[PDB]
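Notes to accompany the following structure.
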Ligand SMILES: Nc1ncnc2c1ncn2[C@@H]1O[C@H](COP(=O)(O)OP(=O)(O)OP(=O)(O)O)[C@@H](O)[C@H]1O
Ligand SMILES: Nc1ncnc2c1ncn2[C@@H]1O[C@H](COP(=O)(O)OP(=O)(O)OP(=O)(O)O)[C@@H](O)[C@H]1O
Ligand SMILES: [Mg+2]
Ligand SMILES: [Mg+2]
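Residue numbers (our numbering), protein chains in the order written: chain A, 550 to 600; chain B, 127 to 224; chain C, 22 to 283; chain D, 2 to 82; chain E, 263 to 371; chain F, -18 to 337.
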């Protein structure tokens, strides 16, 4: 059953918003992190609430 | 609060309502480009390197658009809006205006 | 007919050009696009699967990225300006006083084009690569000009410093085309003037400007003779003074004849 | 009377498409009737050229405008430096 | 033509008179502006200047202080610059006959 | 039992996402069996879910992969041999030179046969005796001694795949494409192993000094880091490492010549003694038609320095001059004239002979 519930619902998961890889340059005390996506510049962006 | 603060938190309350009117208006963003040839029409070059032939803005006379000049163009269909003061080197020689 | 031709013309739309990088299957090929991203594309039922193989250049619908038709090979715009040059004719006795150097140049260029049977008799591999050098103003360009309007072979004319570009390695792509163009239309001649610009000494301690030159020079060495030998392609250098040319280029064998014009 | 009305009606539809702004390109080669242009957005398109803009005018590298919405050779541009 | 001599005799002045009187196209150029730090952007400028001169023909190109395109006498194995060199040799190919040198006169000072 | 049939039928449906068009990525490295890291050929990295029931054994070693354009999902895999810019020559482009056309340099022939040939045919010998196998081979020498021509001969005999790249194929114009060329070239060798990689001239890529400010330099540094990284990965394959030549030795990056990467250094001399000179004259002259009056022994004494490429030119010149006289054979008059031209070697005692 784990298989067939997964195959049918898999098509809706594969319309992904994608993902990126950065690297922590430095943090700040607003809970935000400066990370660099390598080809482009750097971005200050916040963590999800859970981590 | 002391997060996303950079002011005395007293004139920034009023500034908060003023920035909502500027965000709705398209004074910005204006993508900064430069003219390469005036065609009696202009030949504009964007920084992301792709060239365009544009028209004219309702803001400005054609008398003020000059050779090589820096000009701001629309975010969308590129049209000349505002002439800008020239020179991008000023960042060492501007530091020595005493 | 012309103003109705615009209405019908607006129904057509551009097609992103690529080239077949490698046949995966008979249904789907891999094409590399001129924009950049490699794709896996479909085929039309009209197009012969036997002409679609590695190297041929195709075009694509921008709607689906499916192969619309085969295209012949296309000559870069730089290499078209180099063939454009040469206008009118200059007589070949109109160069005079140097009648001996004209004959030693024909021993390399005229002879192995017509009669490679004579060089086959002795058993010697034909000479290629001629270096013209002498005091400035002696006529080293005049000699090349007259002989390129006369002989009738395809003729690329190239100012040595005119093929440098700002963008990284774009200067590398040009020199490869000139040899690819020449290898195709053969028999052909490539003539380069004032080759101190890119035949400069070794260096490797100077700036980044010097390091880019080192990359086109390294390439030009392996294009004349590496694994693959030129065919009926002949290469003529002209220089003001041979002393400031890199020793790997000047070298006997790479440029066989070193004609001094006094 | 009908020939004068044809050239005014088709010209209202040419003027709608000629609308500014429009991308710039140059012509890497005329197949010769086809133009392969290399646009200033650094890609390449093949197309059956607009028969109004002659193959005679076009010589490799010369500047041409191109309609940005759909790649057609809209006009010929003056050479500039 | 070339103008050479001691500073202050009026080589620049004399060219200025010629510009206003002949009502030919006068393309002022300065030899250090031509030299450029990008790799090969200085060569592209020479060819564009003579190509513009064909359209407006006939023309006069007045070059100032040709010492910024200096002299070719280096060949060291340690550095050597070889930038000023490249744009000077591009200038010689436009002075040659392939490029029409009969519509374009050159005043060098 | 009825659910085993529907799992098949419901699995045909995810397989139908694979369609024209696709954009090509390259599987960089795993992090899970339901997620991995790809690097598109657009220049962007992505972290995307893998499609169920795909080979998890073949993804891990760097391989090309297919993405779906409008999400970058990894919908299926491509073969390891495919998506290679530069493919194995040899079909009929293999050069005509052989060990027979080559002359002297007998020491060098033996070294390189021991460096390249013997490891492929017999890996066992090296392990038994307990010597470390010579891995990468380097060729230095002053221009024109027959570095490349000794490698042509080796392309014929081996009967192992052969990948031939100039040093300027690696400099790209767009972005990250330099790193993308190296990654392909080493995988392609491992795939059709055993295999020889040859970079004609690697000198410009292996330079010693970087400004690290200009864009051009910052892009070469990436190509040079990748080469060094995958040079140690090559170990414990049947593959013999990259064999590469440079006519310069002072400009090389010494990070290549550390041990565990390039190990064996071949020398090609410029100096020719009298025995080794006659050997080169012998092979060029046996192909050509000469009078029996002409003799090579007259030549060898005059010059005390000469190299295999200057000799090549002299024979061309004597055989080009024979055409002006209209002589089938190279007569000893032509041979002598041609000797005195394309030698020189006088800059130091030319008019300064009073130093003795
Ligand atoms: N041997 C010659 N016979 C007749 N005229 C000559 C001769 N040599 C040069 N000239 C004259 O010189 C003009 C140009 O000379 P040319 O450009 O060939 O010199 P160059 O050696 O190419 O110069 P550079 O070293 O700058 O390349 C010719 O148009 C011609 O009038
Ligand atoms: N031992 C030899 N026997 C026969 N011919 C030789 C020998 N050495 C050199 N030659 C001849 O000299 C030519 C030049 O050799 P090659 O081009 O391989 O030199 P190279 O070391 O690659 O020089 P570069 O520094 O330009 O790469 C060869 O093609 C060959 O004809
Ligand atoms: Mg002055
Ligand atoms: Mg070699």
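We treat Cβ as the ideally placed atom computed from N, Cα and C, and that holds for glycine.
Can the beta-carbon of residue 152 (chain C) be found closer than 8 Å to that of residue 260 (chain C)?
yes
Tell me the DSSP secondary structure of residue 200 (chain F) in three-state form.
helix
Anything in the region 13 to 37 of chain D with a Cβ closer than 7 Å to a Cβ of chain B? List those residues in chain order, please.
21, 22, 23, 24 and 25
Just jot down, in chain order, the residues whose CB lies closer than 6 Å to any heavy atom of ligand 3.
E:273, E:274, E:326 and E:371
How is the alpha helix (DSSP H) around residue 89 (chain F) delimited, first residue to last?
87 to 93
Rounded straight-line distance, which links the Cα of residue 233 (chain C) to that of residue 300 (chain E)
11 Å
With a threshold of 8 Å between beta-carbons, can residue 33 (chain F) be considered close to chain A, or not?
yes
Heavy atoms of ligand 4 versus C-beta positions, residues under 6 Å:
F:128, F:129, F:181 and F:226
By alpha-carbon positions, which one of C:74, C:237 and C:175 ends up nearest to residue 40 (chain C)?
C:74
On the DSSP letters alone, give me the boundaries of the beta strand (DSSP E) that residue 121 (chain F) sits inside.
117 to 121
Return the CA-CA distance between residue 83 (chain C) and residue 43 (chain D), expressed in angstroms with no decimal places.
15 Å
Along chain F, which residues have their Cβ under 7 Å away from the Cβ of residue 193 (chain C)?
149 and 152
What residue range does the alpha helix (DSSP H) around residue 26 (chain C) cover?
24 to 30
Compute the distance between the beta-carbons of residue 321 (chain F) and residue 302 (chain F), then report whether it is under 8 Å.
no
Run down chain B in chain order and give the residues with a C-beta less than 8 Å from the C-beta of residue 71 (chain D).
Neighbours of residue 71 (chain D) on chain B: none; closest Cβ ~14 Å, over 8 Å.
Looking only at DSSP bridge pairs, what is residue 57 (chain F) linked to?
F:47
Helix, strand or coil for residue 221 (chain F)? Go by DSSP, reduced to three states.
coil
Nearest-angstrom Cα distance between residue 203 (chain F) and residue 159 (chain F)?
7 Å
According to the Cβ coordinates, are residue 210 (chain C) and residue 46 (chain D) closer than 8 Å?
no
heavy atom of ligand 1 below 7 Å from residue 261 (chain C) C-beta
yes
Within 10 Å of its beta-carbon, does residue 202 (chain C) have 16 or more other beta-carbons around it, so buried, or fewer, so exposed?
buried
Near residue 177 (chain C), what residues of its chain come up, given a Cβ to Cβ distance below 8 Å and the 5 sequence neighbours on each side ignored?
100, 103, 104, 199, 202, 203, 209, 210, 211 and 212
Can you give me the Cβ contacts of residue 153 (chain F) inside the same chain, cut-off strictly under 6 Å, excluding the 5 residues immediately before and after it?
159
Which residue comes first and which comes last in the beta strand (DSSP E) that contains residue 45 (chain D)?
45 to 49
Which full runs of the alpha helix (DSSP H) of 4+ residues lie inside the region 43 to 109 of chain C, going along the chain?
98 to 105
When the distance is taken between beta carbons, is residue 197 (chain B) closer than 8 Å to residue 209 (chain B)?
yes
How about residue 79 (chain D): is its C-beta nearer than 8 Å to some C-beta of chain B?
yes
Tell me which same chain residues have a C-beta within less than 8 Å of the C-beta of residue 43 (chain C), skipping the five on either side of it?
50, 51 and 75
Assess contact between the region 319 to 332 of chain E and the region 281 to 295 of chain E, defined as three or more Cβ pairs (one per stretch) separated by less than 8 Å. Is contact present?
yes
At a threshold of 7 Å, does residue 334 (chain E) count as lining ligand 1 (C-beta to nearest heavy atom)?
no
If you compare alpha carbons, which of F:77, F:165, F:106 and F:117 is closest to residue 138 (chain F)?
F:77
Confirm, please, whether the CB-CB distance from residue 345 (chain E) to residue 230 (chain C) is below 8 Å.
yes
Does ligand 1 have even one heavy atom less than 7 Å from the beta-carbon of residue 161 (chain C)?
yes
In this structure, does DSSP put residue 227 (chain F) in helix, strand or coil?
coil
Just reading off the beta strand (DSSP E) that residue 265 (chain F) is part of, what are its end residues?
That residue, residue 265 (chain F), is in no beta strand (DSSP E); its alpha helix (DSSP H) goes 255 to 268.
Starting from the Cα of residue 363 (chain E), find the closest Cα among E:333, E:315, E:266 and E:275 and give me that residue.
E:315
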